[PDB]
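Just one chain follows, in the form deposited without 3-isobutyl-1-methylxanthine (IBM), and it is written as structure tokens.
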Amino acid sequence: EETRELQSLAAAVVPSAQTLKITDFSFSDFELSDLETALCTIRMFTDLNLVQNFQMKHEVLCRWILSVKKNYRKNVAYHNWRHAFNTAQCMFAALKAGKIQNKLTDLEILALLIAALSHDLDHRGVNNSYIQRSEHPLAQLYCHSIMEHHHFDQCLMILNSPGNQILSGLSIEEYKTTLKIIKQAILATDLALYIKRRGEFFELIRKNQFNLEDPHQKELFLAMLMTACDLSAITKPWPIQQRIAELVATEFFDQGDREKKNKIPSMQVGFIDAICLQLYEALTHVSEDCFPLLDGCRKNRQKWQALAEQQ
């Protein structure tokens, strides 16, 4: 923890969302410093009116952002702070440009932004087995989103750390509700759960029966939205997506955790067809203004497929 970094961040001016380009679905962070990503994150909380509605003190929000960033591992090629930051930025764009904000309560928005920023906390890389030391070595197949429970645990620890309590201003009831939504939001990032619930979502939509007013359906939508944001690197402009695919590959093969480009195109096409395309199609139906995520995903499939056919 750099007291210098905190002082620096807390005293800095925070440019507008438009100046920071965070309202753009095509947003990239390659040109940004860590400080710049922290400032963008402050703007996200501010423009979603979370700072006002829940009386967050500036220094506390600043300290919390820095604690979150610090608890991601910089030696992990893809699953690091930049991934979480980008997941949060997609959530912001989906709520604003995507116009999903007016469809949710203030607590759901608050929880979704916190969850997006915290969903992969302390990730050690996909090529590194997550070991649950608190369970028997022969009985470690809970598969009940074990790593995600760990990410949530990390999130709660930071939310409760001295000087980092950004939810201090909520009443006890609001606090319990918010924690519950954050927890379900983080667990939703387990792709296994996404695949398990995909069916309902797609069916409900197929029959114009999707009712966001239904508590069960709304919870379902929040889970789908988290997945859409977690996977959004797949919708980025071509040069950015190539870079992001490169990072994932590195973490997977070169043990960027703690044959290649040649196999990447086929792999991205497969992932787009098996998981991504349908999700963004469904999201666009919920909110047409989310179309650019779908457009971006389709454009990338064609680019990767072309390379797959070897140019």
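The term rigid core refers to the maximal set of C-alpha atoms that superpose within 1.5 Å between the two forms. Residue indices: 1-based, along the sequence shown.
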Residue 194 coordinate gap across at least a third of other entries: no
As a check of understanding, is residue 135 unmodelled in at least a third of the other compared entries that model its flanking residues? yes
Sequence continuity check, residue 243 and residue 244 (deposited residues unmodelled): none
Could you check the entry and say whether 128 to 136 or 218 to 226 has the higher mean CA B-factor? 128 to 136
Comparing 190 to 198 with 83 to 91, the one whose average Cα B-factor in the PDB entry is higher: 190 to 198
Out of 154, 184, 171, 208, which one has a C-alpha B factor higher than all the others in the entry? 208
In this PDB entry, which of 179, 109, 100, 233 has the top CA B-factor? 100
By the record's CA B-factor, is residue 145 among the lowest, middle or highest third of residues in the chain? highest
Is residue 274 in the lowest, middle or highest third of its chain when residues are ranked by C-alpha B-factor? middle
Quick check on the deposited entry: does the C-alpha B-factor of residue 113 sit in the lowest, middle or highest third of its chain? lowest
Cα B factor band for residue 121 (lowest, middle or highest third within the chain): lowest
Which third of the chain holds residue 284 when residues are ordered by C-alpha B factor: lowest, middle or highest? highest
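The form solved in complex with 3-isobutyl-1-methylxanthine (IBM) is left out here; the points below concern that form.
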Quick check on this chain: which one of 221, 152, 72, 210 has a heavy atom within 4.5 Å of 3-isobutyl-1-methylxanthine (IBM) in the bound PDB entry? 152
With 3-isobutyl-1-methylxanthine (IBM) left out of view, which of 113, 104, 181, 234 would have a heavy atom within 4.5 Å of it in the bound PDB entry? 234
Tell me the stretch among 161 to 169, 212 to 220, 92 to 100, 199 to 207 that has any heavy atom within 4.5 angstroms of 3-isobutyl-1-methylxanthine (IBM) in the bound PDB entry. 161 to 169
Please state whether all three residues 79, 230 and 248 have a non-hydrogen atom within 4.5 angstroms of 3-isobutyl-1-methylxanthine (IBM) in the bound PDB entry. yes
Overlay on the rigid core first, then point out the one of 162, 137, 215, 199 whose CA is displaced 2 Å or more between the shown form and the other one. 137
Checking residue 184 here: with the core superposed, does its CA move 2 Å or more between the shown form and the other one? no
Indicate closer or farther: the Cα atoms of residue 161 and residue 134, in the bound PDB entry, relative to the displayed form, with a change of 3 Å or more. farther
Change in CA distance between residue 142 and residue 150 in the bound PDB entry, which is 3 Å or more, as closer or farther: closer
